[PDB]
file input-v3.pdb (PDB, C-alpha atoms (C1' of nucleotides))
ATOM      1  CA  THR A 340     -22.741 210.375  48.246
ATOM      2  CA  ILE A 341     -23.201 213.298  50.662
ATOM      3  CA  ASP A 342     -23.400 216.355  48.397
ATOM      4  CA  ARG A 343     -25.971 215.909  45.630
ATOM      5  CA  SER A 344     -24.489 218.773  43.607
ATOM      6  CA  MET A 345     -21.038 217.197  43.883
ATOM      7  CA  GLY A 346     -21.139 214.562  41.166
ATOM      8  CA  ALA A 347     -21.416 216.894  38.213
ATOM      9  CA  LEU A 348     -17.680 217.447  38.706
ATOM     10  CA  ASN A 349     -15.435 215.843  36.089
ATOM     11  CA  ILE A 350     -13.029 213.490  37.874
ATOM     12  CA  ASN A 351     -12.083 211.092  35.059
ATOM     13  CA  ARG A 352      -8.396 211.348  35.926
ATOM     14  CA  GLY A 353      -5.671 208.745  35.506
ATOM     15  CA  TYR A 354      -5.271 208.127  39.255
ATOM     16  CA  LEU A 355      -8.865 207.398  40.230
ATOM     17  CA  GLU A 356      -8.078 204.235  42.255
ATOM     18  CA  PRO A 357     -11.644 202.846  42.351
ATOM     19  CA  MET A 358     -10.883 200.613  45.347
ATOM     20  CA  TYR A 359     -10.368 203.655  47.566
ATOM     21  CA  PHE A 360     -13.285 205.374  45.830
ATOM     22  CA  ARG A 361     -15.521 202.437  46.765
ATOM     23  CA  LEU A 362     -14.339 202.590  50.380
ATOM     24  CA  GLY A 363     -15.366 206.241  50.525
ATOM     25  CA  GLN A 364     -18.797 205.337  49.168
ATOM     26  CA  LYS A 365     -19.147 202.687  51.878
ATOM     27  CA  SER A 366     -17.762 205.125  54.456
ATOM     28  CA  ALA A 367     -20.638 207.593  54.063
ATOM     29  CA  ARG A 368     -23.451 205.064  54.559
ATOM     30  CA  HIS A 369     -22.369 201.462  55.231
ATOM     31  CA  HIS A 370     -19.486 202.217  57.606
ATOM     32  CA  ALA A 371     -21.168 203.423  60.819
ATOM     33  CA  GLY A 372     -23.235 206.215  62.312
ATOM     34  CA  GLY A 373     -20.112 208.088  63.378
ATOM     35  CA  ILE A 374     -20.731 209.600  66.808
ATOM     36  CA  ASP A 375     -17.890 212.012  67.577
ATOM     37  CA  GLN A 376     -16.824 213.126  71.074
ATOM     38  CA  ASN A 377     -19.966 214.453  72.767
ATOM     39  CA  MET A 378     -19.616 217.461  75.057
ATOM     40  CA  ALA A 379     -23.173 216.763  76.214
ATOM     41  CA  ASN A 380     -23.328 213.362  77.912
ATOM     42  CA  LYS A 381     -26.043 211.352  76.142
ATOM     43  CA  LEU A 382     -26.070 208.082  78.063
ATOM     44  CA  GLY A 383     -29.271 206.934  76.345
ATOM     45  CA  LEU A 384     -27.990 207.676  72.842
ATOM     46  CA  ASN A 385     -27.279 204.020  72.015
ATOM     47  CA  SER A 386     -30.776 203.675  70.555
ATOM     48  CA  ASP A 387     -30.569 207.206  69.134
TER      49      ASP A 387
ATOM     50  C1'   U B   1      11.142 202.708 175.254
ATOM     51  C1'   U B   2      14.300 198.271 174.979
ATOM     52  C1'   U B   3      15.602 192.709 174.794
ATOM     53  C1'   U B   4      18.863 188.603 167.707
ATOM     54  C1'   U B   5      23.281 188.213 165.089
ATOM     55  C1'   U B   6      27.485 190.754 163.174
ATOM     56  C1'   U B   7      36.946 188.730 163.365
ATOM     57  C1'   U B   8      39.793 184.700 160.995
ATOM     58  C1'   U B   9      40.838 179.455 159.104
ATOM     59  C1'   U B  10      41.154 177.117 150.625
ATOM     60  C1'   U B  11      44.248 177.598 146.551
ATOM     61  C1'   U B  12      47.436 180.776 143.772
ATOM     62  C1'   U B  13      56.243 179.445 140.032
ATOM     63  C1'   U B  14      57.894 176.224 135.971
ATOM     64  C1'   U B  15      58.082 171.567 132.699
ATOM     65  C1'   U B  16      55.109 171.131 124.443
ATOM     66  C1'   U B  17      56.413 172.651 119.699
ATOM     67  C1'   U B  18      58.375 176.536 116.717
ATOM     68  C1'   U B  19      65.049 176.701 109.732
ATOM     69  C1'   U B  20      65.022 174.551 104.682
ATOM     70  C1'   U B  21      63.905 170.697 100.671
ATOM     71  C1'   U B  22      58.059 171.740  94.245
ATOM     72  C1'   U B  23      57.482 174.324  89.837
ATOM     73  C1'   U B  24      58.223 178.887  87.285
ATOM     74  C1'   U B  25      61.781 180.952  78.532
ATOM     75  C1'   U B  26      59.819 179.881  73.563
ATOM     76  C1'   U B  27      57.188 176.900  69.465
ATOM     77  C1'   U B  28      49.320 178.910  66.103
ATOM     78  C1'   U B  29      47.112 182.265  62.942
ATOM     79  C1'   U B  30      46.984 187.322  61.361
ATOM     80  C1'   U B  31      46.931 191.404  52.592
ATOM     81  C1'   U B  32      43.206 191.307  48.589
ATOM     82  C1'   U B  33      39.267 188.994  45.292
ATOM     83  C1'   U B  34      30.730 191.088  45.537
ATOM     84  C1'   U B  35      27.533 194.976  44.280
ATOM     85  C1'   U B  36      26.852 200.186  44.048
ATOM     86  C1'   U B  37      23.511 206.032  37.096
ATOM     87  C1'   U B  38      18.571 206.466  34.799
ATOM     88  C1'   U B  39      13.592 204.685  32.712
ATOM     89  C1'   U B  40       5.831 206.063  36.661
ATOM     90  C1'   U B  41       2.460 209.860  37.559
ATOM     91  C1'   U B  42       1.769 214.964  38.756
ATOM     92  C1'   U B  43      -3.830 221.870  34.960
ATOM     93  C1'   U B  44      -9.253 222.424  34.902
ATOM     94  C1'   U B  45     -14.700 220.762  34.517
ATOM     95  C1'   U B  46     -20.347 220.714  41.268
ATOM     96  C1'   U B  47     -23.106 223.999  44.091
ATOM     97  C1'   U B  48     -23.186 228.657  46.564
ATOM     98  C1'   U B  49     -29.697 235.810  46.759
ATOM     99  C1'   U B  50     -34.791 235.975  48.808
ATOM    100  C1'   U B  51     -39.934 234.032  50.185
ATOM    101  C1'   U B  52     -42.651 232.167  58.360
ATOM    102  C1'   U B  53     -44.069 234.598  62.652
ATOM    103  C1'   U B  54     -43.144 238.612  65.977
ATOM    104  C1'   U B  55     -49.004 245.077  70.122
ATOM    105  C1'   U B  56     -52.850 244.426  73.895
ATOM    106  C1'   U B  57     -57.174 241.898  76.604
ATOM    107  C1'   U B  58     -56.597 238.192  84.532
ATOM    108  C1'   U B  59     -56.269 239.530  89.496
ATOM    109  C1'   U B  60     -54.125 242.798  93.025
ATOM    110  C1'   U B  61     -57.816 247.839 100.396
ATOM    111  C1'   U B  62     -60.016 246.164 105.160
ATOM    112  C1'   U B  63     -62.996 242.809 108.632
ATOM    113  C1'   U B  64     -59.534 237.561 114.741
ATOM    114  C1'   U B  65     -57.306 237.857 119.364
ATOM    115  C1'   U B  66     -53.931 240.489 122.462
ATOM    116  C1'   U B  67     -54.539 243.563 131.613
ATOM    117  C1'   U B  68     -54.762 240.774 136.286
ATOM    118  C1'   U B  69     -56.267 236.574 139.825
ATOM    119  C1'   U B  70     -50.784 230.430 142.885
ATOM    120  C1'   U B  71     -46.994 229.856 146.256
ATOM    121  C1'   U B  72     -42.694 232.083 148.389
ATOM    122  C1'   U B  73     -39.734 233.092 157.543
ATOM    123  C1'   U B  74     -38.216 229.386 161.274
ATOM    124  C1'   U B  75     -38.400 224.456 164.023
ATOM    125  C1'   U B  76     -32.241 218.204 163.426
ATOM    126  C1'   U B  77     -27.346 217.236 164.896
ATOM    127  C1'   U B  78     -22.542 219.233 165.697
ATOM    128  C1'   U B  79     -16.278 218.469 173.034
ATOM    129  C1'   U B  80     -13.544 214.194 175.040
ATOM    130  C1'   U B  81     -12.678 208.796 176.591
ATOM    131  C1'   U B  82      -7.285 203.250 172.380
ATOM    132  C1'   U B  83      -2.334 202.398 171.630
ATOM    133  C1'   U B  84       2.092 204.855 170.869
TER     134        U B  84
END
call {"tool": "encode", "arguments": {"input": "input-v3.pdb", "output": "C-alpha cells"}}
result
Amino acid sequence: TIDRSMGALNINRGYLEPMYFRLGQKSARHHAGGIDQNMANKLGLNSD
RNA sequence: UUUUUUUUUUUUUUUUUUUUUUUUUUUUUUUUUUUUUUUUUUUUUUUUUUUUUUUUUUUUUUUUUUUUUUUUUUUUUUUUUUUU
C-alpha cells in the first residue's frame, strides 16, 4: 500500500495468512493517522 | 515617735478467722493398583544517477540654550514655704 514499487515482489508463499495481510492493508490507510510522540508541542494539531 | 493581741486544758493496749476430704493407664486408622516416543511449516523473485536558483544598484557633516540679582544678631521664664 505504501511503496508503489513494492508489489512487483513475488510473495506467493505457503504461509501468506491473508487475514493478517488484510489487517496490514487496513493499517496503512483505514487504521488512523498515526501521530507519534511530538517533540514540538502542536496543541492545535487535532484538526491538522 | 509610740499606744492591739500573743502559756495550757481532747483522745491515743487487747478481744475474728486461719489442717485435710474430687479426678488423674489403655482400647481408631495408617502398602500398592492412571497416564507418560514420533507424525506441520521453514531458499529466491520490488525499487534504488542527474536535470531550480544563488554579484551589485538607499541613506549616512553642522545650524538651540547654557553668569548674577531673596533672606540669614538679640529681646520669656528659671530659690524656698506640707507631712514625716
call {"tool": "interface_residues", "arguments": {"input": "input-v3.pdb", "of": "chain A", "to": "chain B", "cutoff": "7 Å", "atoms": "all atoms listed in the file", "output": "ChimeraX atom specification"}}
result
/A:344-349
call {"tool": "atom_distance", "arguments": {"input": "input-v3.pdb", "atom1": "atom CA of residue A:356", "atom2": "atom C1' of residue B:48"}}
result
29.0 Å
call {"tool": "residues_around", "arguments": {"input": "input-v3.pdb", "residues": "stretch 364-378 of chain A", "least_positions_apart": "6", "cutoff": "10 Å", "atoms": "only C-alpha atoms (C1' of nucleotides)", "output": "list in words"}}
result
residues 340, 341, 358 and 384 of chain A
call {"tool": "atom_distance", "arguments": {"input": "input-v3.pdb", "atom1": "atom CA of residue A:353", "atom2": "atom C1' of residue B:40"}}
result
11.9 Å
call {"tool": "atom_distance", "arguments": {"input": "input-v3.pdb", "atom1": "atom CA of residue A:357", "atom2": "atom CA of residue A:343"}}
result
19.7 Å
call {"tool": "decode", "arguments": {"input": "input-v3.pdb", "residues": "stretch 343-374 of chain A", "atoms": "N, CA and C atoms", "output": "CSV table (one decimal), in the first residue's frame"}}
result
chain,number,residue,atom,x,y,z
A,343,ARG,N,4.9,2.0,-3.9
A,343,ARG,CA,4.3,1.6,-5.2
A,343,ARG,C,5.1,0.5,-5.9
A,344,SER,N,6.5,0.7,-5.8
A,344,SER,CA,7.4,-0.3,-6.4
A,344,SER,C,7.2,-1.7,-5.7
A,345,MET,N,7.1,-1.7,-4.4
A,345,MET,CA,6.8,-2.9,-3.7
A,345,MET,C,5.4,-3.4,-4.0
A,346,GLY,N,5.4,-4.6,-4.6
A,346,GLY,CA,4.1,-5.1,-5.2
A,346,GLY,C,4.4,-5.9,-6.4
A,347,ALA,N,5.6,-5.6,-7.0
A,347,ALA,CA,6.2,-6.5,-8.1
A,347,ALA,C,6.9,-7.7,-7.5
A,348,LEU,N,7.1,-7.7,-6.1
A,348,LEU,CA,7.7,-8.8,-5.5
A,348,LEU,C,6.8,-10.0,-5.5
A,349,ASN,N,7.4,-11.2,-5.6
A,349,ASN,CA,6.7,-12.4,-5.6
A,349,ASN,C,6.6,-13.0,-4.2
A,350,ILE,N,5.4,-13.0,-3.7
A,350,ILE,CA,5.2,-13.4,-2.3
A,350,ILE,C,4.1,-14.5,-2.2
A,351,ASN,N,4.0,-15.3,-3.2
A,351,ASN,CA,3.0,-16.4,-3.2
A,351,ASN,C,3.5,-17.6,-2.5
A,352,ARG,N,3.8,-17.4,-1.2
A,352,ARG,CA,4.3,-18.4,-0.3
A,352,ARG,C,3.2,-19.2,0.3
A,353,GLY,N,3.5,-20.3,1.0
A,353,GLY,CA,2.6,-21.1,1.6
A,353,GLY,C,2.1,-20.7,3.0
A,354,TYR,N,2.6,-19.6,3.5
A,354,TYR,CA,2.3,-19.0,4.8
A,354,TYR,C,1.8,-17.6,4.7
A,355,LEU,N,1.0,-17.3,3.7
A,355,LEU,CA,0.6,-15.9,3.4
A,355,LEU,C,-0.3,-15.3,4.5
A,356,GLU,N,-1.2,-16.1,5.1
A,356,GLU,CA,-2.1,-15.7,6.1
A,356,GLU,C,-2.8,-14.4,5.7
A,357,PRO,N,-3.8,-14.5,4.8
A,357,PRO,CA,-4.4,-13.3,4.3
A,357,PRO,C,-5.1,-12.4,5.3
A,358,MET,N,-5.6,-13.0,6.4
A,358,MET,CA,-6.2,-12.2,7.5
A,358,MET,C,-5.3,-11.2,8.0
A,359,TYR,N,-4.0,-11.6,8.3
A,359,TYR,CA,-3.1,-10.6,8.8
A,359,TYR,C,-2.6,-9.7,7.6
A,360,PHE,N,-2.6,-10.2,6.4
A,360,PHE,CA,-2.3,-9.3,5.3
A,360,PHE,C,-3.3,-8.3,5.1
A,361,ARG,N,-4.6,-8.6,5.3
A,361,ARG,CA,-5.7,-7.6,5.2
A,361,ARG,C,-5.5,-6.6,6.3
A,362,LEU,N,-5.2,-7.0,7.5
A,362,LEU,CA,-5.0,-6.0,8.6
A,362,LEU,C,-3.9,-5.0,8.3
A,363,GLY,N,-2.9,-5.5,7.7
A,363,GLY,CA,-1.8,-4.6,7.3
A,363,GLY,C,-2.3,-3.6,6.2
A,364,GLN,N,-3.1,-4.0,5.3
A,364,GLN,CA,-3.7,-3.1,4.3
A,364,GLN,C,-4.6,-2.1,4.9
A,365,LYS,N,-5.4,-2.5,5.9
A,365,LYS,CA,-6.2,-1.5,6.7
A,365,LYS,C,-5.4,-0.7,7.5
A,366,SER,N,-4.2,-1.2,8.0
A,366,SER,CA,-3.4,-0.4,8.9
A,366,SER,C,-2.8,0.8,8.2
A,367,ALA,N,-2.4,0.7,7.0
A,367,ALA,CA,-1.8,1.9,6.3
A,367,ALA,C,-2.8,3.0,6.1
A,368,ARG,N,-4.0,2.7,5.7
A,368,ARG,CA,-5.0,3.8,5.4
A,368,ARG,C,-6.2,3.9,6.4
A,369,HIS,N,-6.9,2.8,6.6
A,369,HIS,CA,-8.1,2.8,7.4
A,369,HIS,C,-7.9,2.8,8.9
A,370,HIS,N,-6.7,2.6,9.4
A,370,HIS,CA,-6.5,2.4,10.8
A,370,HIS,C,-6.6,3.8,11.5
A,371,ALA,N,-5.7,4.7,11.2
A,371,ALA,CA,-5.6,6.0,11.9
A,371,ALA,C,-4.6,6.8,11.2
A,372,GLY,N,-4.5,8.1,11.6
A,372,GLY,CA,-3.5,9.0,11.1
A,372,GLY,C,-2.1,8.6,11.6
A,373,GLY,N,-2.0,8.2,12.9
A,373,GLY,CA,-0.8,7.8,13.4
A,373,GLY,C,0.2,8.9,13.8
A,374,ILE,N,-0.2,9.7,14.8
A,374,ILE,CA,0.7,10.8,15.3
A,374,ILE,C,1.6,10.2,16.4
